[PDB]
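Please treat every number below as a calculation from the coordinates, not as lab data. Note that we place each Cβ from the backbone using ideal geometry, even for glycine, and neighbour counts take in every protein chain shown.
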Amino acid sequence: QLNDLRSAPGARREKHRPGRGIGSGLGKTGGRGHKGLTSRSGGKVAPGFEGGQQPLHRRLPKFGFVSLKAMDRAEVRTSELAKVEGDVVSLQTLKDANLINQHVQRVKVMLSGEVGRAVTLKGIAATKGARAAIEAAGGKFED
Amino acid sequence: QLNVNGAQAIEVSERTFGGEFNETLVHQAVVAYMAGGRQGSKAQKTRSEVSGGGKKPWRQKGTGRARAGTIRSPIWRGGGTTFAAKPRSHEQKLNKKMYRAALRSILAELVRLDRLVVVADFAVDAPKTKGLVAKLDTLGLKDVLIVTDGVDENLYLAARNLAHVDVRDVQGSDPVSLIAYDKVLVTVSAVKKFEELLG
Amino acid sequence: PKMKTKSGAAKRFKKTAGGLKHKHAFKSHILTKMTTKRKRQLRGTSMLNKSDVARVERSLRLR
Amino acid sequence: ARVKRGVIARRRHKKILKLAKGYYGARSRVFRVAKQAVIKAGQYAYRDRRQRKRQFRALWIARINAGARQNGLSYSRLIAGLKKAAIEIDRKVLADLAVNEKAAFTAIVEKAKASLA
RNA sequence: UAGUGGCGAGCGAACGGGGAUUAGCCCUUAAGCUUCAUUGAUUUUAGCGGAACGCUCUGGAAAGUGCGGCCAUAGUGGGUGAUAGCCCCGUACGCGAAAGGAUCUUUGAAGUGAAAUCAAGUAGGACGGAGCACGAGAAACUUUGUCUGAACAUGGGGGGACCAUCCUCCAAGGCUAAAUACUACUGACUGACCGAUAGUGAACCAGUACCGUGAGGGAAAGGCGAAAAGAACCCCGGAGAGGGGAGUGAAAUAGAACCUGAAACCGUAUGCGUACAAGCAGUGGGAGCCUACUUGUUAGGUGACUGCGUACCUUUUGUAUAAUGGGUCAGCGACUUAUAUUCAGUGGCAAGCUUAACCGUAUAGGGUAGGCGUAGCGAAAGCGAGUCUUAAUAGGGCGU
Ligand SMILES: [Mg+2]
Ligand SMILES: [Mg+2]
Ligand SMILES: [Mg+2]
Ligand SMILES: [Mg+2]
Ligand SMILES: [Mg+2]
Ligand SMILES: [Mg+2]
Ligand SMILES: [Mg+2]
Ligand SMILES: [Mg+2]
Ligand SMILES: [Mg+2]
Ligand SMILES: [Mg+2]
Ligand SMILES: [Mg+2]
Ligand SMILES: [Mg+2]
Ligand SMILES: [Mg+2]
Ligand SMILES: [Mg+2]
Ligand SMILES: [Mg+2]
Ligand SMILES: [Mg+2]
Ligand SMILES: [Mg+2]
Ligand SMILES: [Mg+2]
Ligand SMILES: [Mg+2]
Ligand SMILES: [Mg+2]
Ligand SMILES: [Mg+2]
Ligand SMILES: [Mg+2]
Ligand SMILES: [Mg+2]
Ligand SMILES: [Mg+2]
Ligand SMILES: [Mg+2]
Ligand SMILES: [Mg+2]
Ligand SMILES: [Mg+2]
Ligand SMILES: [Mg+2]
Ligand SMILES: [Mg+2]
Ligand SMILES: [Mg+2]
Ligand SMILES: [Mg+2]
Ligand SMILES: [Mg+2]
Ligand SMILES: [Mg+2]
Ligand SMILES: [Mg+2]
Ligand SMILES: [Mg+2]
C-alpha cells in the first residue's frame, strides 16, 4: 500500500528554518549573533587567514621535491595473488584483472598474508619475505 | 509452492520469494522512482532580468523618502523575486544492488498477502477489447497488473482502452506498480525470469 | 573538481598516515650565534600540533 | 507552488480582536494597538492571581479584629489565646462567624479568655 | 597532479585510458562542390470518413440519485442551462492533391576547385613584443615590427638549456562530409509552472497615455445571466438626475459604476454607565439595572465604587524615558540553488564497494576506464611489518 509505508525513525529530518517566530529558537537572528563580520551577507573569513599575524603556511620552510621516477610504481599484496586466473602472474595478467591500474610498469610483491594457490611470478620482483613464502608454499619465481 | 492454476507447484528459489520485508528500503526506492519522473520546468525571474529599472529614482539625502536604489527590487511592487530558481533536474542515485533488494522484498509480501496469481499461459488471439474482458472473467479478477515475458502485439493493442488493466514486462516493471494495483498476474515464463534478474 | 587547494600549504606540509609532517623553522642565514644543542634540535621533521590541525586542514582542502 | 497568505492571516487576526473587545477607543478595533493590550492584560491577570490571596487575607483579619474588640480583646491576643488550646479555625471561617453567626463567635471568645492567653 | 606565481591572491597542463563520428584526395591536374537538362522515391502547403443509451426521481435546468444494456486498435480531451465512453465537436485508426515547395537519389552537360611543375629573401640568427598552463627564469617551441641570411633527401628538423649517439617525420602550394554551437521565427505536445499587487513592461485598442530639446524612461487598467429575456406601463422631478411601484428571470440586496463582497472609516436605532472629579485607560473584588430565562446558590450586556498598575520594538553597562522607528487597514516583503568535500543519523553489499560519459525496445539492462580502500617509513633513490637518522645493528621518531 502506498498509503502505508514510511521510513525508519531518525532517517529523515526536517531542515530548521532560521528567521521565523520566537518560539522556534532561531528567530530574528538565525544563530549568527550581533554586529560584526560573521553576521552579514557573505561574512566569509578567508581560509587560513589569522587576523594579521603571520600564518602557519608562510612561516615554515619548503622541504622537498617530487619524484617523477615513482609515477610508474605499484605493489601487490601476497594475498591478492590468488585473485588472478591462469597461474601465470605476468605484467598484463594483473591488468587483466582490476588489481592494478593501467600505465604501471614496475611492480613489487610484499608479505600481507597467505598466497592461496600455486602460481608462477614473472616480470615482477618480490621482497625478502614474499619470496620466502611463494618458493616455500608450492610456487616458483622465474622471469 | 507457487500454485499455478493448472494445479502444479513450481519450487522457485527461496531467496527472491520468501524474504524479510525491509520497508525502510522500499520507501526509499519508491521515492527515487517517483521523483525521477518529474520534469523540472520552473522559471521565476531575478532582479537582473526584469525589464528596466536602471537608475536611482531620486537623490540619496534630502528627500524624506526611504533610501531606494532601483525600481525593480524585491521590496517594490513590480520588482523581481528574490530567490528565483532556474530549471534543474531531480534524480537520485540508487545502487544497482540496492534497487534489486527492494524487488526481492516486495515480491515476498505479495506471496504472503496472496496478491499474486500465477497462471500457466495468458494469450489472446485477435486484438479486440471485449475478448480480453471475457478472458479475465475466468480468473475472477478486476484492476489487475499483467506481468509477462514479452508483450505481444495482440495483447498490447487490447488493454490500452481498457480501464484498470495494464500490461508490463519484467524489464519494464517498477517498484510502484507492483505496490499500486490490486492483483498481480504473472506467468510461469516470467517467474523464471526473476531468477537471473534478482536471485 | 570545484575545490582548489592552496599551493603554499602543499609545499609546507607533506602528509603521512600519522598526521602532517613539517620542517622546523629559524634555521637559516644567521647561524654563528646559536648553540649546537639548539641547532641539532631543529634538524628533524616534526608533526603538527592539535591546535593547528583544523586550521591547516581547511587551507589544504580536506573539509 | 506559490502560496498566498491572505486566508490564514485573517483567522489569527480575528482571534486577537475577540479577546480584546470591550476596550476603549482604538484598543478594541485596530490590530497594532490591540495586540499590546492583550499581552498587557495577560500579565495583570497573572500577577493578580497572587494578589487575590492577599486582599482577602487582609480583609479576614480586619473583621476578626473589629469583632473581637467588641467582646473585650484584640486580634493579636485572640490568636495567641486560640493557640494555647487547639481550636484550629482559619481566618475564612472566623470572619463568617463574625458577621452572620454572632452568638457562636462569642462562645469562642470566652474560651480564649478562659485559656488565659 | 607536474609545473607557474610580490612562490602572495591565484592560474593550471600533457602523456595515457574510455566514448561519439568514420573519406581522404591533387600540383602528370583530382575527388568534391555548383548550375541546368533528367528519370523514381520521400514527405510538405486543404481535406474526408470515423464505434456505442434507455426509462425513473428531485430541480429553473440532469451529465447527477435509481434500475438496466452496449461500444472499444477510440475511457481521465474539450462543451453542452449542475458531475456525459455512448448528445455535439473530436480521438484510435484508415484514406487523401490541378498545382507549386523541398529532400534524397538516376545520367548527362557547362563549369569550378586551380595554385602550375614538390615550393627562397624561405629556415635559422641578433635586439623589441606577443601566444604557449609557463610574471627572464637553466627557457625549448610557435609567431612577426626592425635588421640580416642558408643545405638541395650522401640533404634537412624534431625529441623543454646544451652536446654527442638512436628514434621518428619531409617545411616554405592547395581542397575536404560526419559527430558540433545557436533560435528572432514555425508546428505538435508536456508540466508537483502563473491564476490578474502573480505570469511578459502589456489577458483590457501597451511600448499606448504620460514625463523629456533629445538619447531615453514608462504606467494604471479582467468577471451581469443558461439566454438580453438590458426593465412596455404608471406616479414625484427641471420638459432632468434619482427614486417608488409594476413586469422578465431559478434569483434584481444578479440592474448594467452589475459573481462573492471582508478590514480600516462613517452613520441610524435599542439597552446600561457618566456634568465635585486627576494619569499607558487594563486587571482583582464588586453594588445596581437590563434581557432571555425554566424563573433563578444559571446565562448574556453594561461597571457606580475600590486595591495594585510609568505602552511595544531596536541599540546598549544601563530606557517610562525628553534616544531610534511606526497615521491606521488590506495585499505583497528577507537563509535559496548548483557543483565539490567533511562529520553524524538511518540503509545496501562486504577484503572488498562503486561506476562517469555513452549505448538501450529509454527510470530496467550494459558500460569497471577511473576512484576510495586492503601497509608503512623516507626530501629522494630505495627498502618493506618495518623503515628513516647514524660510524653503530646504540638510542629515538613514525607504523602494524
Ligand atoms: Mg536562545
Ligand atoms: Mg559575533
Ligand atoms: Mg541588529
Ligand atoms: Mg558588540
Ligand atoms: Mg582499474
Ligand atoms: Mg541592471
Ligand atoms: Mg549604472
Ligand atoms: Mg514580475
Ligand atoms: Mg544504470
Ligand atoms: Mg640549511
Ligand atoms: Mg467528418
Ligand atoms: Mg463520432
Ligand atoms: Mg471532461
Ligand atoms: Mg451553477
Ligand atoms: Mg465529455
Ligand atoms: Mg439523452
Ligand atoms: Mg613541400
Ligand atoms: Mg624564423
Ligand atoms: Mg623550427
Ligand atoms: Mg631542438
Ligand atoms: Mg632531451
Ligand atoms: Mg501584472
Ligand atoms: Mg480577484
Ligand atoms: Mg415571474
Ligand atoms: Mg446577497
Ligand atoms: Mg447574486
Ligand atoms: Mg463598488
Ligand atoms: Mg457562476
Ligand atoms: Mg456586487
Ligand atoms: Mg456615533
Ligand atoms: Mg483628566
Ligand atoms: Mg492624586
Ligand atoms: Mg548585552
Ligand atoms: Mg520616545
Ligand atoms: Mg516618527
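Can you tell me which residue within segment B:120-160, out of those that are among the small types (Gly, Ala, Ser) and more than 23 Å from B:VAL191 (Cα to Cα), is nearest to the chain's Cα centre (by Cα)? Write out each step before concluding.
Residues of segment B:120-160 among the small types (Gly, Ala, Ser): B:120, B:123, B:126, B:131, B:134, B:140, B:150, B:158-159.
Okay, now just the ones that are also more than 23 Å from B:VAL191 (Cα to Cα), so B:126, B:131, B:134, B:158.
Numbers: B:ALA126: 30, B:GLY131: 29, B:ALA134: 29, B:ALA158: 22 Å.
That would be B:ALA158.
Using beta carbons and a limit of 8 Å, which pairs, at least six apart or on different chains, have the first residue in segment A:96-112 and within 13 Å of A:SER79 (Cα to Cα) and within 14 Å of another protein chain (Cβ to nearest Cβ) and the second one outside any strand (DSSP E or B) and within 16 Å of ligand 4 (Cβ to nearest atom)?
Between residues of segment A:96-112 that are within 13 Å of A:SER79 (Cα to Cα) and within 14 Å of another protein chain (Cβ to nearest Cβ) and residues that are outside any strand (DSSP E or B) and within 16 Å of ligand 4 (Cβ to nearest atom), there is no close pair.
Against the condition assigned to a loop (DSSP other than H, G, I, E, B) and surrounded by 10 or more Cβ atoms within 10 Å (Cβ to Cβ), how does D:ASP90 come out, does it pass? Walk me through how you get there before you give the answer.
Numbers: assigned to a loop (DSSP other than H, G, I, E, B): yes; surrounded by 10 or more Cβ atoms within 10 Å (Cβ to Cβ): no.
Taking the combined requirement at face value, the residue does not satisfy it.
On the basis of being within 30 Å of C:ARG61 (Cα to Cα) and either out of contact with any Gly (no Cβ under 7 Å at 6 or more places or on another chain) or near RNA strand E (Cβ under 10 Å from one of its atoms) (or both), does A:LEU56 make the cut?
So A:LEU56 fits the description; yes.
Does B:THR129 fit the bill of being more than 16 Å from ligand 6 (Cβ to nearest atom), in contact with a strand residue (DSSP E or B) (Cβ under 6 Å, 6 or more places away or on another chain) and among the polar types (S, T, N, Q)?
Against the criterion (more than 16 Å from ligand 6 (Cβ to nearest atom), in contact with a strand residue (DSSP E or B) (Cβ under 6 Å, 6 or more places away or on another chain) and among the polar types (S, T, N, Q)), B:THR129 does not qualify.
To keep it simple, each residue is scored yes or no on (1) more than 16 Å from ligand 4 (Cβ to nearest atom); (2) surrounded by fewer than 14 Cβ atoms within 10 Å (Cβ to Cβ); (3) among the aliphatic types (A, V, I, L, M); (4) within 14 Å of chain C (Cβ to nearest Cβ).
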residue	(1), (2), (3), (4)
A:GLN54	yes, yes, no, yes
A:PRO61	yes, yes, no, yes
A:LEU91	yes, no, yes, no
A:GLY116	yes, yes, no, no
A:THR127	yes, no, no, no
A:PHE141	yes, no, no, no
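How many of the residues in segment B:9-59 are surrounded by 12 or more Cβ atoms within 10 Å (Cβ to Cβ), of a type in the set (S, T, N, Q) and away from chain A (no Cβ under 14 Å)?
Residues that pass the stated criteria total 4.
Condition check: surrounded by 13 or more Cβ atoms within 10 Å (Cβ to Cβ), more than 8 Å from RNA strand E (Cβ to nearest atom) and of a type outside the set (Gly, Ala, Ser). Does A:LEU111 satisfy that?
When the stated conditions are applied, A:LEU111 does not pass them.
Between a first residue in segment B:14-28 that is assigned to a loop (DSSP other than H, G, I, E, B) and a second residue that is of a type in the set (S, T, N, Q), which pairs have beta carbons less than 7 Å apart while being 6 or more apart in sequence or on different chains?
B:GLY19/B:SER105; B:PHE21/B:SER105; B:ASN22/B:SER105
Any idea which residue in segment A:1-52 is farthest from the other protein chains (Cβ to nearest Cβ), counting only those that are β-branched (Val, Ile, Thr) and within 15 Å of ligand 2 (Cβ to nearest atom)?
Once the filter is applied, the top-ranked residue is A:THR29.
Any chance segment C:43-51 includes a residue that's under 20 Å from A:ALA46 (Cβ atoms) and more than 8 Å from chain A (Cβ to nearest Cβ)?
For segment C:43-51, residues under 20 Å from A:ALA46 (Cβ atoms) and more than 8 Å from chain A (Cβ to nearest Cβ): present.
With respect to D:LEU17, is the statement that it is of a type outside the set (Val, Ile, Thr), outside any helix (DSSP H, G or I) and more than 21 Å from D:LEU116 (Cα to Cα) true?
no
Test of understanding: among B:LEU155, B:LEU162, which residue is touching a helix residue (DSSP H, G or I) at 6+ places or on another chain (Cβ under 9 Å), away from chain A (no Cβ under 14 Å) and either assigned to a loop (DSSP other than H, G, I, E, B) or under 30 Å from B:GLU49 (Cβ atoms) (or both)?
Being touching a helix residue (DSSP H, G or I) at 6+ places or on another chain (Cβ under 9 Å), away from chain A (no Cβ under 14 Å) and either assigned to a loop (DSSP other than H, G, I, E, B) or under 30 Å from B:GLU49 (Cβ atoms) (or both) holds for just one of B:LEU155, B:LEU162, which is B:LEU162.
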